[PDB]
Structures are given as C-alpha cells and as structure tokens.
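A short worksheet on the structure shown next.
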Amino acid sequence: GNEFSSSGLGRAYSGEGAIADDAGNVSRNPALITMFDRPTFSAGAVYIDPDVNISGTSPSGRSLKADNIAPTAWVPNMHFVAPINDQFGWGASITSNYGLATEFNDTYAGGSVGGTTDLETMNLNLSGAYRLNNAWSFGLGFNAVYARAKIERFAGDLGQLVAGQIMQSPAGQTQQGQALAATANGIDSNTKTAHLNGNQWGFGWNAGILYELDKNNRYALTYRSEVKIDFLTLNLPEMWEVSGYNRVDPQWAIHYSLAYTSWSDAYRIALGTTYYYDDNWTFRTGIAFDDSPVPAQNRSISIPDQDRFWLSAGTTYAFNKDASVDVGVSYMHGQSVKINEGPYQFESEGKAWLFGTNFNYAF
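So this is what it looks like as structure tokens:
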C-alpha cells in the first residue's frame, strides 16, 4: 500500500498489480500495461493527516510529552499508460513510494532523539511490458528516485543527566568537579547537536509477471528492487509482492495481496473487494494490516512505524466511458507501543486519516 492512487487508497491497496482499471497500477506492476487497449492517463494526489502522540518521562524529571509530532502531507501521482501495438506497451508515472516526517520542539527533554526528521522521496518510472500469450505477460521498468532529507537533533536534557550522574560519583563533593557537575546542566535544551541536510538521486528497476486464467481472473508477481541513495547513504527496501483479482460476478470482484519488503524484515497483508454498481457508479472497500519492520529493541520515536491496520472505503464516478474520478478514504490505526531509545523510555501511539482524489482520462 503506497499512496500511488486514489483508487488504491479506496481498496487499502489490496490486489494492486493484479488489477488494472486505471493507469494507476502499471506503476506497481509493469506487466499490467498489457491490460489497456487505448492509452490511459490518471492524475491526482492524496492528503495524509497523521496524529502521532508521544508520551512519557525522562530519568531527569523533564517531561517527554510530544503531542501531534507528525505533520500532514500531500502526495501526488502522474500515471500514463499507452499501447505501442499488440505485444508491446509502455507507460510512465511520477509517484512517491516513500515519505517520512515527524517533528519535535527545540526544547524537548529528549531532543537527543527527536529534533526534526523530514525525508522526502519522489519516483520517476518509465517502463515497458511484453505480452506473449492470452495468459502470460511480463513487464519491466526503470526508476529514478529523488530523495530530500533533513535531520536535526538537539541536546534535549543530556547535560542534565551527565550532571546528576556526576553528582553521584565520588567526584561529587569535589568542587574541581562542580564545574563538570553544572556546566552540563548549563547546556541549553536546544543547542543544535546534529545538522545534516542534503539532496540526491537514486536509481533502480522493478519487474512484473502477470498471468491470467482469463478476462475475469488474474495473479501477479511483482518485484521492486533496492535503491541506494548516496548523500551518508540511504536505502529503499526490496519489495516482493504477490496478488490476485477475481470478478466473481458481473458486478463483484475480489483482490488480495501479500507483500514482503526486506529492509536489509516485514510484510503486508491486504484484502479488499470492488463492486461495479453500473456503467456510472462503482464502490470499493478494503481492509489491511502489515507487521512492522522494526525489531522490538530498535524502535524509534523519530520514525513512527509499528504494526498497523488500514481500513478503507472508496468510490469511482465515470463521466463517460473515457473520463472518471475516484474518491479515496482510508483510516489507519496503529496500536500503541513503548520505545526504549537512548536513556529515555517512551510510548508511541498514532493513527492517521487518508483522503485522495484522482482524475481518469482515456484517449
């Protein structure tokens, strides 16, 4: 599930890669290109409104509350698919496969692990798909990712711990130590202690292997590579996804995906259903989960990621066999978990609401 389409949001991004009803999906499964007759164009974006709230106490008395540390964000998509002839087709899309941003105040007791953390990514993908049989089709594409990162950490209340520490050791009474005692408590809870900002482009491929028992049933195996971004170096994780779509009735369908990302450790489970009311109206709903990459001990307050549920419901309105708009609503709720970072002990619990719109035009 990755903000690449309003349609997607609507079905908890379940099945994508095995469902082609809008240029949207080639982005996720090259091979789907071969499922479009005319050349299709889809555009739009999604608006995420998180609600990450940190709570807890420092071993320095200073509080560790950080209400609403996650900022809203807009995520746009550009989707173009067009058939070259009868066995070859190409397509391109501008999408944001990944994006993270949490932000604390200058004076956070624990700003040693929580200044500001913005990391924006943009994906430029150009690709072609091949068809070799009413059933088998293979797609392959190339990606250029633009990564913008900002990292800020402050002294929080370290000096206050370094202090109270020295004011416990035999070097305590000592006034030759008193300096060390304070002078640490002296350090201002906002003294920038980490500033590394920069931009750079990453590259990588991704392939598809759609197979379809017929006009109403298909399964795919997609693969998204690894992307090394050299600033320090950043790594976007490999993503092996398996999905299936079935049109059980003239008016009903079923789509499911089981994704597996390997951050040099996690998977995503989704299932949703579509319902084609008539020529004009369509309605979709999707449920989904996705175990968290982070292993118990190494969690982080700066990276609000943990086992979470997706609950989605969306609707598409086709103007006239050529144009259509989709509306996407998804509500993400990740249960609460305590983090044990640096010398502090926090508790994280944040939800989020997604709203997205896309327009669909075919030639």
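Numbering-wise, the sequence shown is residues 2, 6 to 235, 267 to 299, 323 to 421 according to mature numbering (1 follows the signal peptide of the UniProt record, and there is no 0).
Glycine included, every Cβ here is placed at the ideal spot set by N, Cα and C.
May I have the straight-line CA-CA distance separating residue i from residue j, to the nearest angstrom?
i      : j      : result
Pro362 : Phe404 : 12 Å
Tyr51  : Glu273 : 25 Å
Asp365 : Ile327 : 11 Å
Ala410 : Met390 : 5 Å
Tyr280 : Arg228 : 20 Å
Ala153 : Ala49  : 21 Å
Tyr333 : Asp53  : 27 Å
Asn127 : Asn201 : 20 Å
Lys196 : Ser64  : 19 Å
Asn194 : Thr99  : 36 Å
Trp205 : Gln172 : 50 Å
Helix or strand or just coil, what does DSSP make of residue i?
i      : result
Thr76  : coil
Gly119 : coil
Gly19  : coil
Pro351 : coil
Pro34  : helix
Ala186 : coil
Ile361 : coil
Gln164 : helix
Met39  : helix
So is residue i buried or exposed if we call it buried at 16+ other beta carbons inside 10 Å?
i      : result
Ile170 : buried
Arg135 : buried
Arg42  : exposed
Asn29  : buried
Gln164 : buried
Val283 : exposed
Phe45  : buried
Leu271 : buried
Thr178 : exposed
I think residue i touches residue j, with their Cβ atoms under 8 Å apart; what is that distance to the nearest whole Å?
i      : j      : result
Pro351 : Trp298 : 5 Å
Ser97  : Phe84  : 7 Å
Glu156 : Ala198 : 6 Å
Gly344 : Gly14  : 7 Å
- [ ] Taking 8 Å as the threshold, find out whether the stretch 25-45 comes into contact with the stretch 54-71 through three or more Cβ pairs.
- [x] no
Task: Validate contact between the stretch 149-160 and the stretch 176-185 using beta carbons, cut 8 Å, 3 pairs - done: no
Task: Given 8 Å, three or more beta-carbon pairs between the stretch 76-93 and the stretch 209-226 - done: no
Open item on the list: When you compare the stretch 108-121 with the stretch 383-400, are there three or more beta-carbon pairs, one atom per stretch, that lie closer than 8 Å?
Closed with: yes
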